[PDB]
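Student: so I've got this experimental structure, pasted below with the sequence.
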Amino acid sequence: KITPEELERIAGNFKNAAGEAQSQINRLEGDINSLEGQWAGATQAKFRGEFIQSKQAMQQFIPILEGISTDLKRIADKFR
Amino acid sequence: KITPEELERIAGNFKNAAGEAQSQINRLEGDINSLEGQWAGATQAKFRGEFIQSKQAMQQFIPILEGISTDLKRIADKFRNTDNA
């Protein structure tokens, strides 16, 4: 019942979901980077909360992505 | 106590984790695409297990990735809102 054509469409949907995650990481890292020279005084206090949020999100999501990539790697490796 | 420098290192590790996932889906999709020309003449039953497994893997992770991307978007949006206030 499953055809490679169906799997192709699904793979594109995955590429898009992963790409959207990449986009938001890049956006967040850009925001963080924009503060590099400015982390002092009122700026520190202003963005402290966002920094706490960012650490907690990124640190927790790294291993989820690693599990995903490892799973796909194994599937691709064994794909006959 | 969190600094932009600490966050940058974490962010790079996260970019890499996401990039690696993109790399592996590209590998798998290349494998899938390469099967299309021979599909009509294949013993298709021999592919069923790996097709079911790969379909499950790809589909199941989509809402998880969407949850992650939405979560990050919300933080980036707050950044924008805070900065604009």
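Tutor: It's in. Numbers count the residues shown, from 1 in each chain, chains lettered A, B, ... in the order given.

Student: so what secondary structure elements neighbour the longest helix along chain A?
Tutor: When chain A is parsed with DSSP state H, its longest helix is helix A:41-78. Applying 3 or more Cβ pairs under 8 Å, 6 or more residues apart in numbering or on different chains; DSSP states H and E, one finds that helix A:41-78 contacts helix A:4-34, helix B:4-35, helix B:48-84. Where you see a C-beta, it was placed from the backbone N, CA and C, and this is true even at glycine.

Student: in a markdown table: those helices, plus distance to residue A:60 and mean neighbour count.
Tutor: Listed next are those as a markdown table, based on distance: least, Cβ to Cβ, whole Å; neighbours: other Cβ atoms under 10 Å in any protein chain shown:
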| stretch | distance to residue A:60 | mean neighbour count |
| --- | --- | --- |
| helix A:4-34 | 13 | 19 |
| helix B:4-35 | 10 | 18 |
| helix B:48-84 | 9 | 16 |
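
Student: mind checking those helices for the one nearest to residue A:53?
Tutor: helix B:48-84 (5.0 Å; Cβ to Cβ).

Student: quick one: the closest one to chain centroid distance?
Tutor: The chain centre lies 7 Å from the centre of helix B:48-84; the measure is Cα atoms, centre = their mean, to the nearest Å.

Student: could you check the angle helix A:41-78 makes with that helix?
Tutor: On the basis of axes from the mean of the first three to the mean of the last three Cα atoms, to 10 degrees, helix B:48-84 is oriented at 170 degrees to helix A:41-78.

Student: nearest spatial neighbour of the residue nearest the centre of chain A, skipping sequence neighbours?
Tutor: Nearest to the geometric centre of chain A sits residue A:21, at 4.1 Å (Cα atoms, centre = their mean). Once flanking residues are discounted, residue A:21 sits nearest to residue B:69: 4.5 Å by Cβ to Cβ, 6 or more residues apart in numbering or on different chains.

Student: mind listing what residue A:58 touches?
Tutor: A:25, A:28, B:7, B:10, B:11, B:13, B:14 (Cβ atoms under 8 Å, 6 or more residues apart in numbering or on different chains).
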